[PDB]
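Have a look at the structure below before the remarks.
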Amino acid sequence: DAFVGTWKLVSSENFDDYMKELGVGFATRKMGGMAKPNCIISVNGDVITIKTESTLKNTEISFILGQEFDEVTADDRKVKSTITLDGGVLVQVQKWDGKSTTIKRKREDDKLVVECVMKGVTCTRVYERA
Ligand SMILES: CSc1cnc(SCc2n[nH]c3cccc(OCc4ccccc4)c23)nc1O
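For the sequence shown, counting from 1, position 94 maps to 96 in the UniProt record's numbering; every step adds exactly one.
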């Protein structure tokens, strides 16, 4: 849809602080901070697929809006995820151990803007079309 495409990371703010707030250890934060991922978003009927690709790590999720699914995150958390579309924004919540984090993906001008929140920490990652 508005989101379908191949997106390349072009800026990031506060991603280390966000990872730290999630309890990610140094080695994984180091590799994650240095990563320059592509994000490939596709849709087929009810099912949306989001691939995140980088030199040192690839991940993928596929989901139906509103239907909770199990996910293993890049930092190896075992979470329950739900994604919904609200006002043109894909809103993802991950829940694990009584905690939650939100990841909001929006389209703004030429950008795919991703806002990641854990407690008081807010990270913004910006992608542009490949
Ligand atoms: C949600 S938004 C988002 C998510 N992940 C990435 S790159 C992940 C990655 N690529 N290579 C990597 C190599 C090592 C570690 C990585 O991640 C760690 C991480 C990701 C997320 C939460 C906590 C820890 C990576 N870009 C984004 O924009």
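Positions of the beta carbon are idealized from the N, C-alpha and C atoms, including for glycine.
Across the structure, residue 127 and residue 111 are spaced so that their CA atoms are roughly 15 Å apart. In this chain, residue 5 is not harboured by any beta strand (DSSP E), its DSSP state being neither H nor E. Annotation for residue 97: the continuous beta strand (DSSP E) segment containing it runs 91 to 98. Not one heavy atom of ligand 1 sits closer than 8 Å to the Cβ of residue 121. Taking each of 99, 18, 80 and 44 in turn and checking the Cα distance to residue 64, the smallest one comes out for 44. Using a Cβ-Cβ distance cut-off of 8 Å, the region 7 to 14 and the region 39 to 55 are in contact, since at least three pairs of beta carbons, one from each stretch, lie closer than that value. DSSP places residue 72 in the strand class (E or B) of the three-state scheme. Here the C-alpha atom of residue 67 lies approximately 7 Å from the C-alpha atom of residue 87.
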